[PDB]
2 protein chains.
Amino acid sequence: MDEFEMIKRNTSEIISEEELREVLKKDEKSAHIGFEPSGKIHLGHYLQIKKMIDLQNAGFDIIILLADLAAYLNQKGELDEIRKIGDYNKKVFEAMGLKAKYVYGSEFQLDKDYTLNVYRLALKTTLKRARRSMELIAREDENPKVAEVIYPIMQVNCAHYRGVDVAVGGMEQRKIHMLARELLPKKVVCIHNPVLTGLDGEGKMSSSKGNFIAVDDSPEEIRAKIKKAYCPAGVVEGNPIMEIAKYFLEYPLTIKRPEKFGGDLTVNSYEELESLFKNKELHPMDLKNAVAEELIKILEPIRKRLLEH
Amino acid sequence: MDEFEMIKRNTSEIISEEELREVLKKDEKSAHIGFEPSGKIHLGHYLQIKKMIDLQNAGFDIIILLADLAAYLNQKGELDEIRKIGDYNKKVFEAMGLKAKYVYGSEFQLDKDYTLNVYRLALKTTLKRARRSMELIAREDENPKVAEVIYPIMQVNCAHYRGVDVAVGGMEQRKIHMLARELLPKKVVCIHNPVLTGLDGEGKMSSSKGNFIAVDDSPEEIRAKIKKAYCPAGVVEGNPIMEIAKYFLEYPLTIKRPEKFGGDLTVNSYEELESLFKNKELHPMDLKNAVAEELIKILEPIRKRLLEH
Ligand SMILES: N[C@@H](Cc1ccc(O)c([N+](=O)[O-])c1)C(=O)O
Ligand SMILES: N[C@@H](Cc1ccc(O)c([N+](=O)[O-])c1)C(=O)O
Ligand SMILES: N[C@@H](Cc1ccc(O)c([N+](=O)[O-])c1)C(=O)O
Ligand SMILES: N[C@@H](Cc1ccc(O)c([N+](=O)[O-])c1)C(=O)O
Ligand code: NA
Ligand code: NA
């Protein structure tokens with residue numbers, strides 16, 4: 001498995017693979033991702049940091065944008081407070097093993113030249129396109145604000161300004177990224193990670209929807225959250241427990257079961273697990289028990305690093 | 001006629017008169033108006049500069065904003081070119097006798113603190129409200145751009161930033177001004193001048209609609225434009241020729257007519273003229289002849305100052 005395939009693994013899309021293959025030849029290459037600071041850092045965050053670690057192992061310099069000004073425009077509070085939560089998020093990412101450079105958006109996003117470019121992009125971006133780009137990002141608002149349409153052109157300008165080769169984010173970012181690839185002279189390679197389903201199966205996992213596992217959740221909390229989670233027998237689509245098994249667990253995987261239910265079961269790949277589960281040969285409760293215990297072990301070093309502060 | 005009434009004369013509205021009366025007591029008081037730079041300076045501009053001269057005579061320090069960055073956001077071209085047209089407009093205003101300070105918007109509107117405040121106002125302003133505020137300003141665009149909704153919050157921030165006591169503009173600005181009075185801690189007094197009708201009577205006089213008299217138009221050009229203008233007998237509403245008589249001409253006014261049509265006629269006020277014209281006692285052609293010749297004399301010193309450059 002070469003560098004390209006390592007980077008591609010468990011992504012939803014790469015825009016475009018040919019452009020990524022051209023970047024991979026350079027000696028010096030940079031990848032960045034931005035996060036609105038979040039009170040809790042959850043598995044959706046972790047999936048993305050894992051992808052940044054993969055890029056780092058492929059020779060990329062990693063930059064983590066603590067997107068304080070974007071969060072401000074998206075109604076997350078005052079800059080002062082947002083920045084404090086950003087510093088906490090930095091500590092969590094560091095505890096995940098990421099070695100990276102961290103920058104706050106407002107360190108450069110209020111520069112005269114940055115702003116001037118935002119206004120030039122504003123002349124090229126329709127209101128309809130900007131609003132469409134924000135459908136999966138913008139905070140719920142019955143009376144959408146002008147800030148909502150500044151946000152995307154701010155993010156477009158960010159990759160242009162910083163000179164990054166690769167931008168990474170969840171699929172919720174893909175319309176902003178395709179706007180950037182249309183408007184900017186240098187085309188940035190975009191790597192989009194899948195959006196995890198919330199534990200109740202009803203929407204996407206989100207810090208604001210209370211449907212997440214946080215990386216520093218206690219073992220008991222993780223067991224309770226998974227016990228209650230949506231997980232229909234034979235159903236993989238939209239099944240948060242199967243997503244966790246696909247994106248976080250190490251294989252071959254031994255699923256412990258009582259002898260009266262088949263005894264311990266060893267699966268060599270996620271695809272094998274998927275066949276077992278689809279064939280109703282693996283019961284949700286045993287899948288849940290394995291996913292909970294393996295996820296606890298995966299998160300343990302992160303939780304422990306945060307606990308010793 | 002005191003300072004308040006001099007300022008009020010020929011305005012459409014003052015928001016509010018009580019606030020203006022409080023400003024008038026101060027020793028130091030400032031009034032400003034902004035103009036997107038315009039290739040031609042027309043009677044609509046002149047009406048407003050006349051109002052700035054009235055404020056100047058009432059003890060106000062006058063600032064003329066050459067609104068280069070606003071014009072840029074409203075699709076009037078590149079900043080470089082817009083700024084050149086701004087310097088020409090300054091020369092025209094000076095030729096009208098205005099003594100004032102001139103500032104380009106971009107001298108301060110790209111400051112970090114200015115921008116930060118724009119983004120704070122963006123959080124408080126709905127997209128619907130911003131678009132409504134721009135209905136009579138925004139350049140025609142079948143696909144409205146994000147720039148269109150940045151523009152008004154930029155203008156709101158301008159009066160707040162510069163610390164002006166009074167903002168002056170045409171009635172087309174009134175929704176932006178009422179947004180500013182809602183969002184800003186210090187309430188700015190707003191003085192709105194009437195919108196002149198275009199010469200063909202079909203819309204408002206505009207530099208982009210080719211329906212204007214420019215202050216530096218030749219006498220022959222002024223005569224031809226007025227000869228062709230909408231001017232129905234007995235109709236005052238929407239009659240550009242009667243508007244010119246109301247807002248630019250000095251009274252008492254002697255209207256020369258052939259003896260076979262009544263001979264020379266002297267009117268002591270615009271209201272007298274209005275009664276004559278409504279009663280079909282003054283024919284459009286004689287009104288036009290008088291308005292053309294008196295307007296030529298009014299504009300003559302401006303045209304001559306510009307010609308001797
Ligand atoms: N849109 C990202 C945050 C973000 C990512 C990348 C960026 O460049 C910026 N930005 O520029 O402000 C912001 C999120 O949903 O969390
Ligand atoms: N359509 C989603 C977009 C969204 C998802 C998750 C979120 O955390 C936020 N948000 O609050 O910024 C917004 C919503 O209902 O809001
Ligand atoms: N809206 C004005 C121009 C303008 C007036 C006042 C202002 O403060 C600003 N501005 O801030 O950019 C711009 C026009 O239609 O010509
Ligand atoms: N509703 C008017 C608003 C407007 C009037 C005059 C103008 O010069 C401009 N303009 O081009 O900026 C715009 C229009 O049809 O455009
Ligand atoms: Na090398
Ligand atoms: Na005094």
# chains A, B, ... in the order shown; residues from 1 in each chain; ligands from 1

call {"tool": "residues_around", "arguments": {"residues": "region 123-134 of chain B", "least_positions_apart": "2", "cutoff": "10 Å", "atoms": "only C-alpha atoms", "output": "PyMOL selection string"}}
result
(chain A and resi 72-75+127+142-149) or (chain B and resi 117-121+136-139+144+146+148-153+172-179+183)

call {"tool": "residues_around", "arguments": {"residues": "region 303-305 of chain A", "least_positions_apart": "4", "cutoff": "8 Å", "atoms": "only C-alpha atoms", "output": "number ranges by chain"}}
result
A: 95, 215-217, 299, 309

call {"tool": "residues_near_ligand", "arguments": {"ligand": "ligand 1", "cutoff": "6 Å", "atoms": "only C-alpha atoms and all ligand atoms", "output": "compact mmCIF listing (two decimals) with N, CA, C and O atoms, in the first residue's frame"}}
result
# COMPACT_ATOMS: atom_id res chain seq x y z
N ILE A 33 -6.34 21.70 7.65
CA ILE A 33 -7.76 21.53 7.93
C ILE A 33 -8.11 22.59 8.95
O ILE A 33 -7.30 22.93 9.82
N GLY A 34 -9.32 23.11 8.85
CA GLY A 34 -9.84 24.08 9.79
C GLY A 34 -10.98 23.48 10.59
O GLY A 34 -11.81 22.72 10.06
N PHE A 35 -11.01 23.85 11.87
CA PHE A 35 -12.10 23.46 12.74
C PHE A 35 -12.63 24.69 13.48
O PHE A 35 -11.86 25.38 14.15
N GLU A 36 -13.93 24.94 13.38
CA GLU A 36 -14.57 25.81 14.36
C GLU A 36 -14.33 25.21 15.75
O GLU A 36 -14.59 24.02 15.97
N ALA A 67 -10.34 27.80 13.81
CA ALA A 67 -11.07 28.76 12.95
C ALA A 67 -11.98 29.64 13.82
O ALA A 67 -13.22 29.53 13.84
N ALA A 70 -14.16 32.22 11.68
CA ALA A 70 -15.28 31.46 11.07
C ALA A 70 -16.34 31.13 12.19
O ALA A 70 -17.51 31.25 11.98
N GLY A 105 -7.38 31.54 12.92
CA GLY A 105 -7.76 32.29 11.74
C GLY A 105 -7.54 33.77 11.88
O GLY A 105 -7.02 34.43 10.96
N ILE A 137 -23.35 23.47 7.25
CA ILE A 137 -22.41 24.09 8.17
C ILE A 137 -23.09 25.14 9.02
O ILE A 137 -22.77 25.29 10.22
N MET A 154 -14.71 33.50 3.03
CA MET A 154 -13.59 33.60 3.97
C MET A 154 -12.77 32.27 3.89
O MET A 154 -11.58 32.26 3.92
N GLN A 155 -13.46 31.14 3.91
CA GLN A 155 -12.81 29.83 3.83
C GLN A 155 -12.15 29.61 2.46
O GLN A 155 -11.02 29.10 2.40
N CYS A 158 -8.91 31.36 2.46
CA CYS A 158 -7.94 30.82 3.39
C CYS A 158 -6.90 29.88 2.66
O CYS A 158 -5.71 30.02 2.78

call {"tool": "select_by_dssp", "arguments": {"residues": "region 13-142 of chain A", "states": "alpha helix (DSSP H)", "output": "number ranges by chain"}}
result
A: 17-25, 43-57, 68-73, 79-95, 112-124, 127-133

call {"tool": "residues_near_ligand", "arguments": {"ligand": "ligand 6", "cutoff": "10 Å", "atoms": "only C-alpha atoms and all ligand atoms", "output": "PDB file with N, CA and C atoms, in the first residue's frame"}}
result
ATOM      1  N   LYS B  25     -26.925  72.785  18.600  1.00  0.00           N
ATOM      2  CA  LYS B  25     -26.420  73.570  19.721  1.00  0.00           C
ATOM      3  C   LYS B  25     -24.918  73.412  19.916  1.00  0.00           C
ATOM      4  N   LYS B  26     -24.349  72.272  19.524  1.00  0.00           N
ATOM      5  CA  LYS B  26     -22.917  72.070  19.707  1.00  0.00           C
ATOM      6  C   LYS B  26     -22.103  73.062  18.887  1.00  0.00           C
ATOM      7  N   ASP B  27     -20.907  73.367  19.385  1.00  0.00           N
ATOM      8  CA  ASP B  27     -19.959  74.169  18.634  1.00  0.00           C
ATOM      9  C   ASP B  27     -19.354  73.363  17.497  1.00  0.00           C
ATOM     10  N   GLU B  28     -18.893  72.159  17.805  1.00  0.00           N
ATOM     11  CA  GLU B  28     -18.195  71.310  16.859  1.00  0.00           C
ATOM     12  C   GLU B  28     -19.165  70.237  16.406  1.00  0.00           C
TER      13      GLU B  28
END

call {"tool": "residues_around", "arguments": {"residues": "residue 232 (chain A)", "least_positions_apart": "6", "cutoff": "12 Å", "atoms": "only C-alpha atoms", "output": "list in words"}}
result
residues 200, 201, 238, 239, 240, 241, 242, 277, 278, 280, 282, 283, 284, 285, 287 and 288 of chain A

call {"tool": "atom_distance", "arguments": {"atom1": "CA of residue 298 (chain A)", "atom2": "CA of residue 44 (chain A)"}}
result
14.5 Å

call {"tool": "closest_residue", "arguments": {"among": "B:164, B:244, B:18, B:194", "to": "residue 213 (chain B)", "atoms": "only C-alpha atoms"}}
result
B:244

call {"tool": "residues_around", "arguments": {"residues": "residue 56 (chain B)", "least_positions_apart": "4", "cutoff": "12 Å", "atoms": "only C-alpha atoms", "output": "number ranges by chain"}}
result
B: 3, 6-7, 24, 28-32, 49-52, 60-64, 97-101, 166

call {"tool": "residues_around", "arguments": {"residues": "residue 257 (chain B)", "least_positions_apart": "6", "cutoff": "9 Å", "atoms": "only C-alpha atoms", "output": "PDB file with N, CA and C atoms, in the first residue's frame"}}
result
ATOM      1  N   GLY B 263     -46.914  87.657 -22.841  1.00  0.00           N
ATOM      2  CA  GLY B 263     -45.796  88.488 -22.447  1.00  0.00           C
ATOM      3  C   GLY B 263     -45.074  87.973 -21.209  1.00  0.00           C
ATOM      4  N   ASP B 264     -43.965  88.632 -20.854  1.00  0.00           N
ATOM      5  CA  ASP B 264     -43.152  88.226 -19.713  1.00  0.00           C
ATOM      6  C   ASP B 264     -44.008  88.097 -18.463  1.00  0.00           C
ATOM      7  N   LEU B 265     -43.679  87.097 -17.650  1.00  0.00           N
ATOM      8  CA  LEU B 265     -44.437  86.760 -16.454  1.00  0.00           C
ATOM      9  C   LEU B 265     -43.475  86.638 -15.284  1.00  0.00           C
ATOM     10  N   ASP B 286     -42.925  77.400 -22.516  1.00  0.00           N
ATOM     11  CA  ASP B 286     -42.397  78.616 -21.915  1.00  0.00           C
ATOM     12  C   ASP B 286     -41.726  78.308 -20.588  1.00  0.00           C
ATOM     13  N   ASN B 289     -38.357  76.948 -21.654  1.00  0.00           N
ATOM     14  CA  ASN B 289     -37.432  77.991 -22.069  1.00  0.00           C
ATOM     15  C   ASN B 289     -36.833  78.708 -20.861  1.00  0.00           C
ATOM     16  N   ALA B 290     -37.654  79.023 -19.864  1.00  0.00           N
ATOM     17  CA  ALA B 290     -37.154  79.730 -18.685  1.00  0.00           C
ATOM     18  C   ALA B 290     -36.213  78.850 -17.866  1.00  0.00           C
TER      19      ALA B 290
END

call {"tool": "closest_residue", "arguments": {"among": "B:219, B:59, B:301, B:198", "to": "ligand 4", "atoms": "only C-alpha atoms and all ligand atoms"}}
result
B:198

call {"tool": "atom_distance", "arguments": {"atom1": "CA of residue 169 (chain B)", "atom2": "CA of residue 192 (chain B)"}}
result
5.2 Å

call {"tool": "residues_around", "arguments": {"residues": "residue 40 (chain B)", "least_positions_apart": "4", "cutoff": "12 Å", "atoms": "only C-alpha atoms", "output": "PyMOL selection string"}}
result
chain B and resi 36+44-46+85-86+88-93+205-217

call {"tool": "closest_residue", "arguments": {"among": "B:57, B:16, B:48, B:266", "to": "residue 248 (chain B)", "atoms": "only C-alpha atoms"}}
result
B:48

call {"tool": "atom_distance", "arguments": {"atom1": "CA of residue 37 (chain A)", "atom2": "CA of residue 165 (chain A)"}}
result
23.2 Å

call {"tool": "closest_residue", "arguments": {"among": "A:111, A:19, A:272, A:308", "to": "chain B", "atoms": "only C-alpha atoms"}}
result
A:111

call {"tool": "closest_residue", "arguments": {"among": "B:38, B:197, B:12, B:106", "to": "chain A", "atoms": "only C-alpha atoms"}}
result
B:106

call {"tool": "decode", "arguments": {"residues": "region 201-235 of chain A", "atoms": "N, CA, C and O atoms", "output": "PDB file, in the first residue's frame"}}
result
ATOM      1  N   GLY A 201     -29.004   7.604  15.032  1.00  0.00           N
ATOM      2  CA  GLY A 201     -29.267   7.273  13.651  1.00  0.00           C
ATOM      3  C   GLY A 201     -30.089   8.284  12.886  1.00  0.00           C
ATOM      4  O   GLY A 201     -30.364   8.062  11.700  1.00  0.00           O
ATOM      5  N   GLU A 202     -30.518   9.307  13.565  1.00  0.00           N
ATOM      6  CA  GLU A 202     -31.447  10.218  12.929  1.00  0.00           C
ATOM      7  C   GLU A 202     -30.815  11.371  12.138  1.00  0.00           C
ATOM      8  O   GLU A 202     -31.534  11.994  11.346  1.00  0.00           O
ATOM      9  N   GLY A 203     -29.612  11.811  12.486  1.00  0.00           N
ATOM     10  CA  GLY A 203     -28.866  12.794  11.707  1.00  0.00           C
ATOM     11  C   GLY A 203     -27.334  12.602  11.705  1.00  0.00           C
ATOM     12  O   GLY A 203     -26.961  11.550  12.126  1.00  0.00           O
ATOM     13  N   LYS A 204     -26.565  13.593  11.363  1.00  0.00           N
ATOM     14  CA  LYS A 204     -25.117  13.462  11.392  1.00  0.00           C
ATOM     15  C   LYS A 204     -24.570  13.753  12.787  1.00  0.00           C
ATOM     16  O   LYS A 204     -25.148  14.499  13.474  1.00  0.00           O
ATOM     17  N   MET A 205     -23.485  13.108  13.177  1.00  0.00           N
ATOM     18  CA  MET A 205     -22.857  13.339  14.476  1.00  0.00           C
ATOM     19  C   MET A 205     -22.375  14.782  14.554  1.00  0.00           C
ATOM     20  O   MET A 205     -21.719  15.284  13.634  1.00  0.00           O
ATOM     21  N   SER A 206     -22.739  15.456  15.641  1.00  0.00           N
ATOM     22  CA  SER A 206     -22.460  16.871  15.802  1.00  0.00           C
ATOM     23  C   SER A 206     -22.284  17.240  17.265  1.00  0.00           C
ATOM     24  O   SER A 206     -22.976  16.714  18.150  1.00  0.00           O
ATOM     25  N   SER A 207     -21.399  18.176  17.495  1.00  0.00           N
ATOM     26  CA  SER A 207     -21.172  18.653  18.860  1.00  0.00           C
ATOM     27  C   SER A 207     -22.446  19.331  19.437  1.00  0.00           C
ATOM     28  O   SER A 207     -22.610  19.442  20.621  1.00  0.00           O
ATOM     29  N   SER A 208     -23.318  19.799  18.575  1.00  0.00           N
ATOM     30  CA  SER A 208     -24.499  20.568  19.013  1.00  0.00           C
ATOM     31  C   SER A 208     -25.732  19.647  19.085  1.00  0.00           C
ATOM     32  O   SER A 208     -26.734  20.055  19.575  1.00  0.00           O
ATOM     33  N   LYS A 209     -25.638  18.404  18.593  1.00  0.00           N
ATOM     34  CA  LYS A 209     -26.809  17.547  18.563  1.00  0.00           C
ATOM     35  C   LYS A 209     -26.787  16.490  19.667  1.00  0.00           C
ATOM     36  O   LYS A 209     -27.682  15.667  19.713  1.00  0.00           O
ATOM     37  N   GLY A 210     -25.763  16.471  20.511  1.00  0.00           N
ATOM     38  CA  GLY A 210     -25.728  15.540  21.626  1.00  0.00           C
ATOM     39  C   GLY A 210     -25.779  14.082  21.229  1.00  0.00           C
ATOM     40  O   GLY A 210     -26.369  13.270  21.946  1.00  0.00           O
ATOM     41  N   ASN A 211     -25.216  13.741  20.056  1.00  0.00           N
ATOM     42  CA  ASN A 211     -25.366  12.410  19.476  1.00  0.00           C
ATOM     43  C   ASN A 211     -24.000  11.803  19.162  1.00  0.00           C
ATOM     44  O   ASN A 211     -23.868  11.039  18.196  1.00  0.00           O
ATOM     45  N   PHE A 212     -22.997  12.180  19.946  1.00  0.00           N
ATOM     46  CA  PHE A 212     -21.593  11.885  19.669  1.00  0.00           C
ATOM     47  C   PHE A 212     -20.978  11.088  20.815  1.00  0.00           C
ATOM     48  O   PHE A 212     -21.470  11.118  21.960  1.00  0.00           O
ATOM     49  N   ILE A 213     -19.861  10.409  20.506  1.00  0.00           N
ATOM     50  CA  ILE A 213     -18.900   9.922  21.498  1.00  0.00           C
ATOM     51  C   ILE A 213     -17.704  10.861  21.497  1.00  0.00           C
ATOM     52  O   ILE A 213     -17.124  11.126  20.428  1.00  0.00           O
ATOM     53  N   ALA A 214     -17.404  11.443  22.658  1.00  0.00           N
ATOM     54  CA  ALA A 214     -16.250  12.318  22.810  1.00  0.00           C
ATOM     55  C   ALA A 214     -15.018  11.480  23.068  1.00  0.00           C
ATOM     56  O   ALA A 214     -15.090  10.429  23.725  1.00  0.00           O
ATOM     57  N   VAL A 215     -13.872  11.947  22.566  1.00  0.00           N
ATOM     58  CA  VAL A 215     -12.657  11.155  22.723  1.00  0.00           C
ATOM     59  C   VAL A 215     -12.254  10.971  24.184  1.00  0.00           C
ATOM     60  O   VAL A 215     -11.514  10.026  24.493  1.00  0.00           O
ATOM     61  N   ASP A 216     -12.706  11.850  25.098  1.00  0.00           N
ATOM     62  CA  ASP A 216     -12.366  11.773  26.510  1.00  0.00           C
ATOM     63  C   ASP A 216     -13.543  11.268  27.346  1.00  0.00           C
ATOM     64  O   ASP A 216     -13.503  11.377  28.591  1.00  0.00           O
ATOM     65  N   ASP A 217     -14.546  10.658  26.695  1.00  0.00           N
ATOM     66  CA  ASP A 217     -15.670  10.062  27.414  1.00  0.00           C
ATOM     67  C   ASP A 217     -15.144   8.919  28.284  1.00  0.00           C
ATOM     68  O   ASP A 217     -14.176   8.237  27.930  1.00  0.00           O
ATOM     69  N   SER A 218     -15.722   8.754  29.458  1.00  0.00           N
ATOM     70  CA  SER A 218     -15.341   7.651  30.327  1.00  0.00           C
ATOM     71  C   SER A 218     -15.745   6.337  29.695  1.00  0.00           C
ATOM     72  O   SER A 218     -16.665   6.280  28.860  1.00  0.00           O
ATOM     73  N   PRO A 219     -15.071   5.251  30.093  1.00  0.00           N
ATOM     74  CA  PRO A 219     -15.492   3.930  29.613  1.00  0.00           C
ATOM     75  C   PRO A 219     -16.954   3.637  29.891  1.00  0.00           C
ATOM     76  O   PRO A 219     -17.642   3.144  28.987  1.00  0.00           O
ATOM     77  N   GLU A 220     -17.431   3.994  31.061  1.00  0.00           N
ATOM     78  CA  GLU A 220     -18.828   3.695  31.347  1.00  0.00           C
ATOM     79  C   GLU A 220     -19.756   4.502  30.397  1.00  0.00           C
ATOM     80  O   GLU A 220     -20.860   4.113  30.108  1.00  0.00           O
ATOM     81  N   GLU A 221     -19.373   5.746  30.156  1.00  0.00           N
ATOM     82  CA  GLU A 221     -20.142   6.606  29.256  1.00  0.00           C
ATOM     83  C   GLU A 221     -20.167   6.054  27.836  1.00  0.00           C
ATOM     84  O   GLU A 221     -21.225   6.009  27.199  1.00  0.00           O
ATOM     85  N   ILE A 222     -19.020   5.573  27.350  1.00  0.00           N
ATOM     86  CA  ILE A 222     -18.956   4.958  26.024  1.00  0.00           C
ATOM     87  C   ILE A 222     -19.838   3.723  25.960  1.00  0.00           C
ATOM     88  O   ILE A 222     -20.589   3.543  25.005  1.00  0.00           O
ATOM     89  N   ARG A 223     -19.798   2.859  26.999  1.00  0.00           N
ATOM     90  CA  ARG A 223     -20.648   1.674  26.983  1.00  0.00           C
ATOM     91  C   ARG A 223     -22.122   2.050  26.945  1.00  0.00           C
ATOM     92  O   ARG A 223     -22.908   1.454  26.194  1.00  0.00           O
ATOM     93  N   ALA A 224     -22.525   3.050  27.741  1.00  0.00           N
ATOM     94  CA  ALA A 224     -23.927   3.427  27.770  1.00  0.00           C
ATOM     95  C   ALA A 224     -24.375   4.041  26.454  1.00  0.00           C
ATOM     96  O   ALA A 224     -25.483   3.777  25.977  1.00  0.00           O
ATOM     97  N   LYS A 225     -23.520   4.873  25.851  1.00  0.00           N
ATOM     98  CA  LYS A 225     -23.908   5.510  24.603  1.00  0.00           C
ATOM     99  C   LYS A 225     -24.091   4.473  23.491  1.00  0.00           C
ATOM    100  O   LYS A 225     -25.037   4.556  22.694  1.00  0.00           O
ATOM    101  N   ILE A 226     -23.195   3.491  23.428  1.00  0.00           N
ATOM    102  CA  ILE A 226     -23.285   2.467  22.392  1.00  0.00           C
ATOM    103  C   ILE A 226     -24.447   1.516  22.670  1.00  0.00           C
ATOM    104  O   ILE A 226     -25.154   1.104  21.742  1.00  0.00           O
ATOM    105  N   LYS A 227     -24.676   1.175  23.935  1.00  0.00           N
ATOM    106  CA  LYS A 227     -25.808   0.312  24.276  1.00  0.00           C
ATOM    107  C   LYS A 227     -27.125   0.870  23.734  1.00  0.00           C
ATOM    108  O   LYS A 227     -27.953   0.116  23.212  1.00  0.00           O
ATOM    109  N   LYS A 228     -27.324   2.201  23.832  1.00  0.00           N
ATOM    110  CA  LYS A 228     -28.552   2.874  23.420  1.00  0.00           C
ATOM    111  C   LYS A 228     -28.601   3.194  21.922  1.00  0.00           C
ATOM    112  O   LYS A 228     -29.633   3.655  21.424  1.00  0.00           O
ATOM    113  N   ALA A 229     -27.505   2.991  21.205  1.00  0.00           N
ATOM    114  CA  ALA A 229     -27.405   3.480  19.837  1.00  0.00           C
ATOM    115  C   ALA A 229     -28.272   2.698  18.858  1.00  0.00           C
ATOM    116  O   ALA A 229     -28.513   1.505  19.006  1.00  0.00           O
ATOM    117  N   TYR A 230     -28.724   3.399  17.829  1.00  0.00           N
ATOM    118  CA  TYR A 230     -29.326   2.765  16.661  1.00  0.00           C
ATOM    119  C   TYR A 230     -28.390   1.732  16.059  1.00  0.00           C
ATOM    120  O   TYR A 230     -27.242   2.038  15.734  1.00  0.00           O
ATOM    121  N   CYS A 231     -28.901   0.519  15.871  1.00  0.00           N
ATOM    122  CA  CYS A 231     -28.070  -0.543  15.312  1.00  0.00           C
ATOM    123  C   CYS A 231     -28.948  -1.703  14.876  1.00  0.00           C
ATOM    124  O   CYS A 231     -28.966  -2.753  15.518  1.00  0.00           O
ATOM    125  N   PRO A 232     -29.674  -1.548  13.778  1.00  0.00           N
ATOM    126  CA  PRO A 232     -30.637  -2.588  13.391  1.00  0.00           C
ATOM    127  C   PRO A 232     -29.925  -3.795  12.815  1.00  0.00           C
ATOM    128  O   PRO A 232     -28.921  -3.672  12.108  1.00  0.00           O
ATOM    129  N   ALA A 233     -30.455  -4.975  13.132  1.00  0.00           N
ATOM    130  CA  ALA A 233     -29.854  -6.204  12.643  1.00  0.00           C
ATOM    131  C   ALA A 233     -29.845  -6.217  11.125  1.00  0.00           C
ATOM    132  O   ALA A 233     -30.847  -5.896  10.477  1.00  0.00           O
ATOM    133  N   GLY A 234     -28.699  -6.583  10.551  1.00  0.00           N
ATOM    134  CA  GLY A 234     -28.562  -6.671   9.119  1.00  0.00           C
ATOM    135  C   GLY A 234     -28.457  -5.348   8.395  1.00  0.00           C
ATOM    136  O   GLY A 234     -28.189  -5.347   7.186  1.00  0.00           O
ATOM    137  N   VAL A 235     -28.652  -4.224   9.081  1.00  0.00           N
ATOM    138  CA  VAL A 235     -28.650  -2.906   8.447  1.00  0.00           C
ATOM    139  C   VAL A 235     -27.282  -2.279   8.657  1.00  0.00           C
ATOM    140  O   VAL A 235     -26.847  -2.072   9.795  1.00  0.00           O
TER     141      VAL A 235
END
